[PDB]
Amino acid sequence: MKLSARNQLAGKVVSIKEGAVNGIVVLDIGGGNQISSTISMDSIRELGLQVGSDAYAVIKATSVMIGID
């Protein structure tokens, strides 16, 4: 599928913390930036995610806030 979401950031999975219904996937997207994703364990298994998997952090623009110092 092709998605409307303005943010689709390629990266490699560096860790997966598993829970009973959800897990937290950490993605290295390069340049020293990491994105953490809290998603269902069902989706983590269905996508075959492992440490080292290539993937994308997918974020709708309306979910992104801006901060300043």
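Just count from 1 along the sequence shown to find any residue number.
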{"query": "Out of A61, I24, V58, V13, highest CA B-factor residue", "finding": "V13"}
{"query": "Third of the chain, ranked by Cα B-factor, where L9 sits", "finding": "middle"}
{"query": "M65 - which third its CA temperature factor falls in, relative to the rest of the chain", "finding": "lowest"}
{"query": "Position of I39 among the chain's modelled residues by C-alpha B-factor, lowest, middle or highest third", "finding": "lowest"}
